[PDB]
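Below, read A as the first sequence line, B as the second, and so on, with proteins coming before strands; counting in each chain starts at 1. Values reported hereafter were calculated over all heavy atoms of this structure, with side chains retained and with hydrogens, waters and symmetry mates removed.
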Amino acid sequence: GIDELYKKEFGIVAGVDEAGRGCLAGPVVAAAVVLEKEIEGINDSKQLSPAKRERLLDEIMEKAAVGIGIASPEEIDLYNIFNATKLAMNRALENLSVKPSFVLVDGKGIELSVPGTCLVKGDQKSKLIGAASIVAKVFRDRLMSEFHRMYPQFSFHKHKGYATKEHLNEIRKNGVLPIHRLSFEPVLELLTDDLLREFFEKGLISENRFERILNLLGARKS
DNA sequence: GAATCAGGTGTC
Ligand SMILES: [Ca+2]
Ligand SMILES: [Ca+2]
Ligand SMILES: [Ca+2]
Ligand SMILES: [Ca+2]
Ligand SMILES: [Ca+2]
């Protein structure tokens with residue numbers, strides 16, 4: 001009832017959610033969704049099965065206005081994952097062709113460029129948020145698969161860059177990449193300033209990012 | 001789908 005209630009009062013309402021807070025590699029992805037038609041079975045995203053999420057997606061993209069926003073591994077390393085997530089969400093809102101007057105954002109502590117409110121477990125209280133969580137996850141899983149193709153030695157298509165045993169194995173065996181979040185503890189502990197300087201000289205990371213991670217390596221660790 | 005192992009970080 002959330003959505004409809006908020007629509008009476010505010011007009012165009014979008015639901016916003018992100019995917020990729022907790023992984024070790026790749027961008028964080030956010031989606032903003034405005035939806036008027038009914039879509040049955042929207043219940044969350046991490047609550048669903050991959051087969052299902054693909055089914056609801058096809059219907060969500062038929063019936064809903066969607067905006068997708070991304071913040072890169074560099075932005076995560078420089079701004080932290082909270083601020084990177086906020087940025088991806090604000091970018092999702094900009095990418096929505098329909099301009100929302102109010103937003104419902106999954107989680108808490110988040111104020112976007114559009115006035116709205118935060119719902120803990122929003123993904124299971126709101127259909128709009130539930131839809132956004134599906135779009136976010138699916139779209140990001142698509143990007144991650146694309147990386148596996150770019151980095152054949154890494155099973156990105158399976159673990160989606162999260163800290164699974166297999167992913168950690170691949171990092172030790174194959175080495176840290178620029179798409180890893182170099183500020184994240186497990187990646188940071190396998191890094192050397194040697195490889196970091198190599199990334200920089202090859203131009204694979206920015207100076208600002210080089211500088212930040214070099215400082216973190218030094219602080220590693222008391 | 002739900003339990004229950006694993007393992008990332010931010011707000012307060
Ligand atoms: Ca989510
Ligand atoms: Ca969320
Ligand atoms: Ca949740
Ligand atoms: Ca610093
Ligand atoms: Ca395991």
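Here B:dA2 presents its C1' atom at 14 Å from CG of A:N43, a figure rounded to the nearest Å. Regarding A:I110, its CD1 atom lies at a distance of 10 Å from the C1' atom of B:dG10, rounded to whole Å. Summarising the geometry, the separation between CG on A:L182 and P on B:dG8 is reported as 15 Å, rounded to the nearest angstrom. Atoms CD (A:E170) and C1' (B:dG7) sit 15 Å apart, rounded to a whole Å. In this structure, the CZ atom of A:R181 is 18 Å from the P atom of B:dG7, given to the nearest Å. Atom CG in A:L190 sits about 14 Å away from atom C1' in B:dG7, given to the nearest Å. We find that CG of A:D77 is positioned 15 Å from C1' of B:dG10, with the value rounded to whole Å. One atom, CD1 of A:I81, and another, P of B:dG7, lie 20 Å apart when rounded to the nearest Å.
In this structure, the nucleotide among B:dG10, B:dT9, B:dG7 sitting nearest to the side chain of A:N80 is B:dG10. Comparing B:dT9, B:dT11, B:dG1 by their nearest atom to the side chain of A:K52 picks out B:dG1. Set against B:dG8, B:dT11, B:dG7, the side chain of A:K108 has B:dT11 as its closest nucleotide. Checking B:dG1, B:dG7, B:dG8 against the side-chain heavy atoms of A:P186 singles out B:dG8 as nearest. Here the side chain of A:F184 is nearest to one of B:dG1, B:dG7, B:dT9, namely B:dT9.
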Criterion side-chain hydrogen bond (donor to acceptor under 3.5 Å, both in side chains) on A:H148 and A:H159, from CA distance to verdict: CA-CA 10 Å; A:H148 169 206; A:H159 54 63; over 6 Å; no
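Along DNA chain B, the nucleotide closest to A:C23 and the one closest to A:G109 are compared, and the more 5′ of them pairs with A:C23. Along DNA chain B, the nucleotide nearest A:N83 and the nucleotide nearest A:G22 are compared for position; the residue whose nucleotide lies closer to the 5' end is A:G22.
Proximity of A:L190 to A:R172: side-chain heavy atoms (C-beta onward) are separated by under 4.5 Å at one or more points. Side chains of A:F210 and A:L196 form a contact here, defined as non-hydrogen atoms less than 4.5 Å apart.
Applying side chain to side chain contact (heavy atoms under 4.5 Å, CB included) to A:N43 and the options A:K52, A:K127, A:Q124 leaves one that passes, A:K127.
Nucleic acid contact class of A:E185 (heavy atoms, under 4.0 Å, all strands): sugar-phosphate only.
Between the side chains of A:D77 and A:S183, at least one donor N or O lies within less than 3.5 Å of an accepting N or O.
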